[PDB]
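Q: Sharing a structure here in structure tokens format.
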Amino acid sequence: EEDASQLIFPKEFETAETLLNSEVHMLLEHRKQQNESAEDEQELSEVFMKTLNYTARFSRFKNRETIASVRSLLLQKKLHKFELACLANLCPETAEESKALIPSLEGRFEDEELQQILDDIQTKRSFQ
Amino acid sequence: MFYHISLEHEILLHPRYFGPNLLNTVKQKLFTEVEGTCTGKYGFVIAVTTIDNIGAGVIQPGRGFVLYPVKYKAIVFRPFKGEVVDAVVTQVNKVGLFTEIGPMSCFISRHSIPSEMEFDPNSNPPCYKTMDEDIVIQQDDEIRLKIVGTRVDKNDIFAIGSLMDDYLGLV
Amino acid sequence: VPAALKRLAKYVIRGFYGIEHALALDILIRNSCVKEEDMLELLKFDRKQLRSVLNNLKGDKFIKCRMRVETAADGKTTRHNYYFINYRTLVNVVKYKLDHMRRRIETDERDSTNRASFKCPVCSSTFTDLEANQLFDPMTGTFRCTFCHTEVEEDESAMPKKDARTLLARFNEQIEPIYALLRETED
Ligand SMILES: [Zn+2]
């Protein structure tokens with residue numbers, strides 16, 4: 001009934017906002033910071049550690065300002081909220097690669113313009 | 001896919017917890033119950049980002065408990081059929097490959113694995129390698145798999161990873 | 001009554017019905033309409049036996065019946081059942097009975113993919129491939145049955161799959177004469 005490729009989601013997943021792994025890491029880090037405070041409180045569950053490592057491993061942006069800048073530029077482009085997370089998560093190097101992964105992305109914009117959008121993410125991306 | 005959504009949960013607070021710090025206990029009790037539990041509709045729940053509001057505590061007639069409906073914002077991850085998500089291989093076996101994606105764990109059957117891949121029992125660390133060794137998949141590697149289907153049982157969800165589709169596997 | 005219609009009806013009755021059905025059809029071919037009572041004497045069949053065949057023929061609408069009521073010479077009421085062949089309605093039923101098999105053949109192609117291969121020998125219950133991983137016990141490292149705690153095999157389900165494939169080619173060959181006749185009866 002629900003397919004990511006077909007952009008079909010249930011009524012619950014309609015107004016939901018998608019957060020990038022780097023954005024997710026910041027929120028989880030804030031939880032960790034609060035965890036240290038208020039000693040003797042409940043210790044965070046092991047599931048929290050698993051996700052925190054996962055988001056940190058795939059974190060494409062280590063700077064808070066860059067994450068905001070990427071989101072601001074993406075907001076100008078008329079892109080679906082779910083597709084924005086995939087675009088900023090997978091970070092395809094080529095326009096053709098992005099189109100193949102997401103069949104629904106075909107026809108949204110011009111191929112030449114699609115490649116430029118991906119290239120911009122690379123410039124903001126920090127290589128270590 | 002990671003989603004930040006608002007969830008409805010009900011807390012039954014024992015009368016012993018009444019008095020000062022009642023709402024603190026309700027908030028604290030919310031984290032313990034929600035965290036570490038998964039449901040098919042929303043999948044695994046990582047943590048509660050914040051609590052939107054605590055509803056009026058309706059006393060249960062006879063029971064003595066007070067039912068507190070809580071609107072809390074939490075981030076959850078749910079496997080979507082026909083979707084490609086990065087995965088980390090935990091264990092390698094001839095029968096199939098086990099991979100963990102955050103709290104969710106995915107199992108890859110031998111049939112779904114590409115034909116050219118063959119189990120490497122001789123090597124001390126079990127792994128899948130080709131004849132030409134162009135691509136090698138072993139434990140603790142980042143690979144891409146397609147979620148063929150989603151199954152939920154006993155508050156646990158584990159999907160099937162298939163590497164038949166192109167642009168999959170170790171990159 | 002074009003000769004093509006007569007031959008088409010004969011070819012189908014002798015292929016999927018008993019000799020009883022075919023014999024009654026010949027009477028309706030020689031004469032456009034024949035009384036039910038008259039047909040009974042010629043065939044010498046039992047009263048119930050003839051009705052059962054006629055009901056089956058009427059069930060498939062290969063022939064239609066009309067009731068004529070008249071006063072006999074002795075004054076008693078007479079209710080004669082007159083049977084006749086409706087080619088226009090008959091051809092549709094033949095097409096309906098043929099397309100369903102063709103669509104059933106198409107369905108057989110999809111059934112082969114969803115067949116359940118895993119099965120427990122103890123409880124003799126077959127489980128789908130997707131359901132197989134549900135019962136997978138990590139401690140054992142192999143498929144198992146929760147009810148029986150016994151190993152689950154999949155080799156027994158491979159043999160019957162190939163049998164259905166052979167029927168596809170044969171069905172299309174034996175049915176060509178019927179299809180050819182249908183094309184000749186479109187006018
Ligand atoms: Zn059994």
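Residues are named by chain letter and number: chains run A, B, ... in the order of the structure tokens, numbers start at 1 in each chain, and ligands are numbered from 1 in the order shown.
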Could you pull out the strand (DSSP E or B) residues of range 34-100 of chain B from DSSP and send them as an MDAnalysis selection string?
A: chainID B and resid 38:39 43:54 58:59 66:77 84:92 96:100
Q: Give one line per residue of range 23-128 of chain C that approaches range 170-183 of chain C to at most 10 Å, naming the two atoms of the closest pair and their distance in Å to one decimal, counting only C-alpha atoms; sort by chain then ascending residue number and deliver it as a tab-separated table.
A:
residue	atom	partner	partner_atom	distance
C:91	CA	C:182	CA	8.1
C:94	CA	C:182	CA	9.1
C:95	CA	C:182	CA	8.5
C:98	CA	C:175	CA	9.0
C:101	CA	C:171	CA	9.3
C:102	CA	C:172	CA	8.8
C:105	CA	C:171	CA	8.9
Q: Can you pull out every residue within 7 Å of range 3-20 of chain A, counting only C-alpha atoms, but drop anything in the same chain fewer than 2 positions away, and send it as a PyMOL selection string?
A: (chain A and resi 1+22-24+81-82+85+89+102-104) or (chain B and resi 2-5+80-83)
Q: Give me the residues of chain C that have any atom at most 10 Å from an atom of ligand 1; for each, the nearest atom pair and the distance in Å, rounded to one decimal. Use only C-alpha atoms and all ligand atoms, sort by chain and number, and format it as CSV.
A:
residue,atom,partner,partner_atom_place_in_ligand_line,distance
C:119,CA,ligand 1,1 (Zn),7.6
C:120,CA,ligand 1,1 (Zn),4.5
C:121,CA,ligand 1,1 (Zn),6.3
C:122,CA,ligand 1,1 (Zn),4.9
C:123,CA,ligand 1,1 (Zn),4.1
C:124,CA,ligand 1,1 (Zn),6.4
C:125,CA,ligand 1,1 (Zn),6.4
C:126,CA,ligand 1,1 (Zn),8.9
C:127,CA,ligand 1,1 (Zn),9.8
C:144,CA,ligand 1,1 (Zn),7.8
C:145,CA,ligand 1,1 (Zn),4.7
C:146,CA,ligand 1,1 (Zn),6.7
C:147,CA,ligand 1,1 (Zn),5.3
C:148,CA,ligand 1,1 (Zn),4.2
C:149,CA,ligand 1,1 (Zn),6.8
C:150,CA,ligand 1,1 (Zn),6.2
C:151,CA,ligand 1,1 (Zn),8.1
C:152,CA,ligand 1,1 (Zn),7.7
Q: Can I get the selection written as a PDB file, in the first residue's frame, with N, CA and C atoms?
A:
ATOM      1  N   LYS C 119       8.195 -26.636   4.138  1.00  0.00           N
ATOM      2  CA  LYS C 119       7.189 -27.491   4.750  1.00  0.00           C
ATOM      3  C   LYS C 119       7.842 -28.327   5.840  1.00  0.00           C
ATOM      4  N   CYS C 120       7.122 -28.490   6.948  1.00  0.00           N
ATOM      5  CA  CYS C 120       7.575 -29.310   8.059  1.00  0.00           C
ATOM      6  C   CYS C 120       7.088 -30.738   7.877  1.00  0.00           C
ATOM      7  N   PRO C 121       7.956 -31.747   8.016  1.00  0.00           N
ATOM      8  CA  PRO C 121       7.515 -33.129   7.779  1.00  0.00           C
ATOM      9  C   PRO C 121       6.626 -33.671   8.889  1.00  0.00           C
ATOM     10  N   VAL C 122       6.787 -33.148  10.106  1.00  0.00           N
ATOM     11  CA  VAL C 122       6.038 -33.673  11.247  1.00  0.00           C
ATOM     12  C   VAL C 122       4.565 -33.299  11.132  1.00  0.00           C
ATOM     13  N   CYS C 123       4.275 -31.997  11.113  1.00  0.00           N
ATOM     14  CA  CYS C 123       2.896 -31.531  11.024  1.00  0.00           C
ATOM     15  C   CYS C 123       2.370 -31.504   9.595  1.00  0.00           C
ATOM     16  N   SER C 124       3.223 -31.740   8.599  1.00  0.00           N
ATOM     17  CA  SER C 124       2.815 -31.779   7.196  1.00  0.00           C
ATOM     18  C   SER C 124       2.097 -30.486   6.803  1.00  0.00           C
ATOM     19  N   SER C 125       2.725 -29.366   7.152  1.00  0.00           N
ATOM     20  CA  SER C 125       2.221 -28.038   6.832  1.00  0.00           C
ATOM     21  C   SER C 125       3.255 -27.310   5.987  1.00  0.00           C
ATOM     22  N   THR C 126       2.800 -26.678   4.911  1.00  0.00           N
ATOM     23  CA  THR C 126       3.673 -25.979   3.979  1.00  0.00           C
ATOM     24  C   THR C 126       3.653 -24.487   4.285  1.00  0.00           C
ATOM     25  N   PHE C 127       4.836 -23.878   4.326  1.00  0.00           N
ATOM     26  CA  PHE C 127       4.995 -22.475   4.672  1.00  0.00           C
ATOM     27  C   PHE C 127       5.640 -21.728   3.513  1.00  0.00           C
ATOM     28  N   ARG C 144      13.190 -24.173  11.079  1.00  0.00           N
ATOM     29  CA  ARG C 144      12.569 -25.036  12.072  1.00  0.00           C
ATOM     30  C   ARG C 144      11.073 -24.749  12.107  1.00  0.00           C
ATOM     31  N   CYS C 145      10.331 -25.642  12.758  1.00  0.00           N
ATOM     32  CA  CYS C 145       8.895 -25.496  12.953  1.00  0.00           C
ATOM     33  C   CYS C 145       8.625 -25.267  14.432  1.00  0.00           C
ATOM     34  N   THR C 146       7.949 -24.159  14.748  1.00  0.00           N
ATOM     35  CA  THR C 146       7.670 -23.844  16.145  1.00  0.00           C
ATOM     36  C   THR C 146       6.786 -24.900  16.797  1.00  0.00           C
ATOM     37  N   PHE C 147       5.750 -25.361  16.093  1.00  0.00           N
ATOM     38  CA  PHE C 147       4.857 -26.365  16.662  1.00  0.00           C
ATOM     39  C   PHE C 147       5.598 -27.669  16.933  1.00  0.00           C
ATOM     40  N   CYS C 148       6.479 -28.067  16.016  1.00  0.00           N
ATOM     41  CA  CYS C 148       7.149 -29.357  16.084  1.00  0.00           C
ATOM     42  C   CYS C 148       8.599 -29.262  16.537  1.00  0.00           C
ATOM     43  N   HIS C 149       9.214 -28.082  16.459  1.00  0.00           N
ATOM     44  CA  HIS C 149      10.639 -27.932  16.750  1.00  0.00           C
ATOM     45  C   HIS C 149      11.461 -28.890  15.892  1.00  0.00           C
ATOM     46  N   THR C 150      11.051 -29.038  14.637  1.00  0.00           N
ATOM     47  CA  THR C 150      11.675 -29.958  13.698  1.00  0.00           C
ATOM     48  C   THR C 150      12.166 -29.198  12.471  1.00  0.00           C
ATOM     49  N   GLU C 151      13.178 -29.759  11.815  1.00  0.00           N
ATOM     50  CA  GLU C 151      13.753 -29.127  10.638  1.00  0.00           C
ATOM     51  C   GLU C 151      12.713 -29.024   9.523  1.00  0.00           C
ATOM     52  N   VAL C 152      12.816 -27.947   8.749  1.00  0.00           N
ATOM     53  CA  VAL C 152      11.905 -27.662   7.647  1.00  0.00           C
ATOM     54  C   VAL C 152      12.653 -27.880   6.340  1.00  0.00           C
TER      55      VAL C 152
END
Q: Only residues of chain B matter here; which ones have an atom within 12 Å of chain C, counting only C-alpha atoms? Give them as JSON, numbers by chain.
A: {"B": [91, 92, 93, 94, 95, 96, 97, 98, 106, 107, 108, 109, 110, 111, 112, 148, 149, 150, 151, 152, 153, 154, 156, 157, 158, 159, 160, 161]}
Q: I'd like the interatomic distance between CA of residue 113 in chain C and CA of residue 97 in chain C, to a tenth of an Å.
A: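 Result for CA of residue 113 in chain C versus CA of residue 97 in chain C: 25.4 Å, one decimal.
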Q: Measuring atom to atom with only C-alpha atoms, identify which of A:2, A:45, A:111, A:29 is nearest to residue 41 in chain B.
A: A:2
Q: Taking 3 positions as the minimum chain separation for residues in the same chain, which residues sit within 12 Å of residue 117 in chain A when counting only C-alpha atoms? Answer as a PyMOL selection string.
A: chain A and resi 70+73-74+76-77+79+84+87-88+91-95+98+109-114+120-124
Q: Take the residues from that selection and write them out as a PDB file, in the first residue's frame, keeping N, CA and C atoms.
A:
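Result written to result_4.pdb:
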ATOM      1  N   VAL A  70      22.479  24.025   3.535  1.00  0.00           N
ATOM      2  CA  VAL A  70      21.990  23.032   2.583  1.00  0.00           C
ATOM      3  C   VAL A  70      20.468  22.984   2.604  1.00  0.00           C
ATOM      4  N   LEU A  73      18.968  26.139   0.835  1.00  0.00           N
ATOM      5  CA  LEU A  73      19.025  26.043  -0.619  1.00  0.00           C
ATOM      6  C   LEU A  73      18.012  25.033  -1.141  1.00  0.00           C
ATOM      7  N   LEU A  74      17.878  23.895  -0.458  1.00  0.00           N
ATOM      8  CA  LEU A  74      16.913  22.886  -0.883  1.00  0.00           C
ATOM      9  C   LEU A  74      15.482  23.392  -0.762  1.00  0.00           C
ATOM     10  N   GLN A  76      14.345  26.325  -1.434  1.00  0.00           N
ATOM     11  CA  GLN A  76      14.001  27.096  -2.624  1.00  0.00           C
ATOM     12  C   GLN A  76      13.551  26.183  -3.756  1.00  0.00           C
ATOM     13  N   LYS A  77      14.251  25.069  -3.956  1.00  0.00           N
ATOM     14  CA  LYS A  77      13.866  24.118  -4.989  1.00  0.00           C
ATOM     15  C   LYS A  77      12.609  23.367  -4.563  1.00  0.00           C
ATOM     16  N   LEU A  79      11.020  20.561  -4.084  1.00  0.00           N
ATOM     17  CA  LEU A  79      11.298  19.142  -3.922  1.00  0.00           C
ATOM     18  C   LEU A  79      10.492  18.591  -2.755  1.00  0.00           C
ATOM     19  N   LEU A  84      13.894  15.074  -0.328  1.00  0.00           N
ATOM     20  CA  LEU A  84      14.992  15.902   0.159  1.00  0.00           C
ATOM     21  C   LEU A  84      15.909  15.107   1.079  1.00  0.00           C
ATOM     22  N   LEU A  87      17.971  12.830  -1.053  1.00  0.00           N
ATOM     23  CA  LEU A  87      18.959  13.585  -1.818  1.00  0.00           C
ATOM     24  C   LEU A  87      20.152  13.969  -0.952  1.00  0.00           C
ATOM     25  N   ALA A  88      19.898  14.436   0.269  1.00  0.00           N
ATOM     26  CA  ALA A  88      20.970  14.853   1.163  1.00  0.00           C
ATOM     27  C   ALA A  88      21.597  13.694   1.925  1.00  0.00           C
ATOM     28  N   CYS A  91      23.465  11.344  -1.404  1.00  0.00           N
ATOM     29  CA  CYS A  91      24.440  12.240  -2.016  1.00  0.00           C
ATOM     30  C   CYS A  91      24.990  11.629  -3.299  1.00  0.00           C
ATOM     31  N   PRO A  92      24.141  11.343  -4.284  1.00  0.00           N
ATOM     32  CA  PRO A  92      24.642  10.776  -5.541  1.00  0.00           C
ATOM     33  C   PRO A  92      25.618  11.723  -6.225  1.00  0.00           C
ATOM     34  N   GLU A  93      26.662  11.143  -6.818  1.00  0.00           N
ATOM     35  CA  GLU A  93      27.677  11.946  -7.490  1.00  0.00           C
ATOM     36  C   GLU A  93      27.208  12.446  -8.850  1.00  0.00           C
ATOM     37  N   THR A  94      26.382  11.670  -9.548  1.00  0.00           N
ATOM     38  CA  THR A  94      25.932  12.004 -10.891  1.00  0.00           C
ATOM     39  C   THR A  94      24.413  12.101 -10.926  1.00  0.00           C
ATOM     40  N   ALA A  95      23.910  12.910 -11.863  1.00  0.00           N
ATOM     41  CA  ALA A  95      22.467  13.055 -12.016  1.00  0.00           C
ATOM     42  C   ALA A  95      21.822  11.734 -12.415  1.00  0.00           C
ATOM     43  N   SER A  98      21.327   9.520  -9.420  1.00  0.00           N
ATOM     44  CA  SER A  98      20.196   9.940  -8.599  1.00  0.00           C
ATOM     45  C   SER A  98      18.874   9.502  -9.217  1.00  0.00           C
ATOM     46  N   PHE A 109      12.840  17.767 -12.812  1.00  0.00           N
ATOM     47  CA  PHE A 109      13.630  18.895 -13.290  1.00  0.00           C
ATOM     48  C   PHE A 109      14.437  18.435 -14.499  1.00  0.00           C
ATOM     49  N   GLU A 110      15.132  19.380 -15.128  1.00  0.00           N
ATOM     50  CA  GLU A 110      15.978  19.063 -16.268  1.00  0.00           C
ATOM     51  C   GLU A 110      17.205  18.282 -15.817  1.00  0.00           C
ATOM     52  N   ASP A 111      17.695  17.416 -16.705  1.00  0.00           N
ATOM     53  CA  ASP A 111      18.864  16.608 -16.374  1.00  0.00           C
ATOM     54  C   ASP A 111      20.075  17.486 -16.084  1.00  0.00           C
ATOM     55  N   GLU A 112      20.285  18.526 -16.895  1.00  0.00           N
ATOM     56  CA  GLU A 112      21.403  19.431 -16.655  1.00  0.00           C
ATOM     57  C   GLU A 112      21.254  20.141 -15.315  1.00  0.00           C
ATOM     58  N   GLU A 113      20.039  20.590 -14.992  1.00  0.00           N
ATOM     59  CA  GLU A 113      19.811  21.240 -13.706  1.00  0.00           C
ATOM     60  C   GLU A 113      19.952  20.248 -12.558  1.00  0.00           C
ATOM     61  N   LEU A 114      19.540  18.997 -12.778  1.00  0.00           N
ATOM     62  CA  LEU A 114      19.653  17.987 -11.731  1.00  0.00           C
ATOM     63  C   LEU A 114      21.107  17.765 -11.337  1.00  0.00           C
ATOM     64  N   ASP A 120      26.327  21.021  -6.138  1.00  0.00           N
ATOM     65  CA  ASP A 120      26.323  22.002  -5.058  1.00  0.00           C
ATOM     66  C   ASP A 120      26.456  21.325  -3.700  1.00  0.00           C
ATOM     67  N   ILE A 121      25.793  20.182  -3.518  1.00  0.00           N
ATOM     68  CA  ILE A 121      25.893  19.461  -2.252  1.00  0.00           C
ATOM     69  C   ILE A 121      27.333  19.036  -1.999  1.00  0.00           C
ATOM     70  N   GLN A 122      28.046  18.640  -3.055  1.00  0.00           N
ATOM     71  CA  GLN A 122      29.434  18.216  -2.890  1.00  0.00           C
ATOM     72  C   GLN A 122      30.297  19.355  -2.361  1.00  0.00           C
ATOM     73  N   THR A 123      30.088  20.571  -2.871  1.00  0.00           N
ATOM     74  CA  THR A 123      30.865  21.710  -2.392  1.00  0.00           C
ATOM     75  C   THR A 123      30.628  21.949  -0.906  1.00  0.00           C
ATOM     76  N   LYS A 124      29.369  21.874  -0.468  1.00  0.00           N
ATOM     77  CA  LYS A 124      29.076  22.024   0.953  1.00  0.00           C
ATOM     78  C   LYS A 124      29.596  20.841   1.758  1.00  0.00           C
TER      79      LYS A 124
END
Q: Set the distance at 7 Å and use only C-alpha atoms: which residues neighbour residue 142 in chain B once local chain neighbours fewer than 4 positions away are removed? I'd like the list as a ChimeraX atom specification.
A: /B:86-88,170
Q: Could you pull out the helix (DSSP H, G or I) residues of range 30-163 of chain B from DSSP and send them as a PDB file with N, CA, C and O atoms, in the first residue's frame?
A:
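Generated output (result-v7.pdb):
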ATOM      1  N   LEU B  30       7.016   7.945  30.839  1.00  0.00           N
ATOM      2  CA  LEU B  30       6.787   7.864  29.402  1.00  0.00           C
ATOM      3  C   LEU B  30       8.022   7.347  28.678  1.00  0.00           C
ATOM      4  O   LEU B  30       7.917   6.501  27.782  1.00  0.00           O
ATOM      5  N   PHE B  31       9.204   7.843  29.052  1.00  0.00           N
ATOM      6  CA  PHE B  31      10.425   7.431  28.368  1.00  0.00           C
ATOM      7  C   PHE B  31      10.669   5.938  28.529  1.00  0.00           C
ATOM      8  O   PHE B  31      10.999   5.247  27.559  1.00  0.00           O
ATOM      9  N   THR B  32      10.505   5.419  29.746  1.00  0.00           N
ATOM     10  CA  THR B  32      10.802   4.013  29.997  1.00  0.00           C
ATOM     11  C   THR B  32       9.911   3.107  29.156  1.00  0.00           C
ATOM     12  O   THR B  32      10.384   2.138  28.552  1.00  0.00           O
ATOM     13  N   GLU B  33       8.614   3.410  29.106  1.00  0.00           N
ATOM     14  CA  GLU B  33       7.676   2.526  28.420  1.00  0.00           C
ATOM     15  C   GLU B  33       7.857   2.591  26.908  1.00  0.00           C
ATOM     16  O   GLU B  33       7.907   1.554  26.235  1.00  0.00           O
ATOM     17  N   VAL B  34       7.954   3.799  26.351  1.00  0.00           N
ATOM     18  CA  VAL B  34       8.048   3.935  24.900  1.00  0.00           C
ATOM     19  C   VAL B  34       9.391   3.417  24.399  1.00  0.00           C
ATOM     20  O   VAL B  34       9.456   2.656  23.427  1.00  0.00           O
TER      21      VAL B  34
END
Q: As JSON, numbers by chain, please: the residues near residue 145 in chain B (cut-off 7 Å, only C-alpha atoms, same-chain neighbours under 2 positions excluded).
A: {"B": [84, 85, 86, 87, 143, 147, 161, 162, 163, 168, 169]}
Q: One decimal, in Å: what's the spacing between CA of residue 78 in chain C and CA of residue 65 in chain C?
A: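 Going from CA of residue 78 in chain C over to CA of residue 65 in chain C covers 15.8 Å.
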Q: Skipping near chain neighbours, those fewer than 4 positions away, what residues fall within 9 Å of residue 56 in chain A using only C-alpha atoms, listed as a ChimeraX atom specification?
A: /A:21-22,24-25,51-52,60
Q: Find, counting only C-alpha atoms, the residue in C:43, C:135, C:69, C:85 that gets nearest to residue 23 in chain C.
A: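 Smallest distance to residue 23 in chain C is found for C:43.
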Q: What separation in Å, quoted to one decimal, exists between CA of residue 72 in chain B and CA of residue 6 in chain B?
A: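 Spanning CA of residue 72 in chain B to CA of residue 6 in chain B is a straight-line distance of 5.6 Å.
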Q: With only C-alpha atoms as the basis for distance, which of A:66, A:59, A:42, A:128 is at the shortest distance from chain B?
A: A:42
Q: Pick the closest to residue 32 in chain A from B:10, B:36, B:19, B:49: which is it, counting only C-alpha atoms?
A: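 Smallest distance to residue 32 in chain A is found for B:49.
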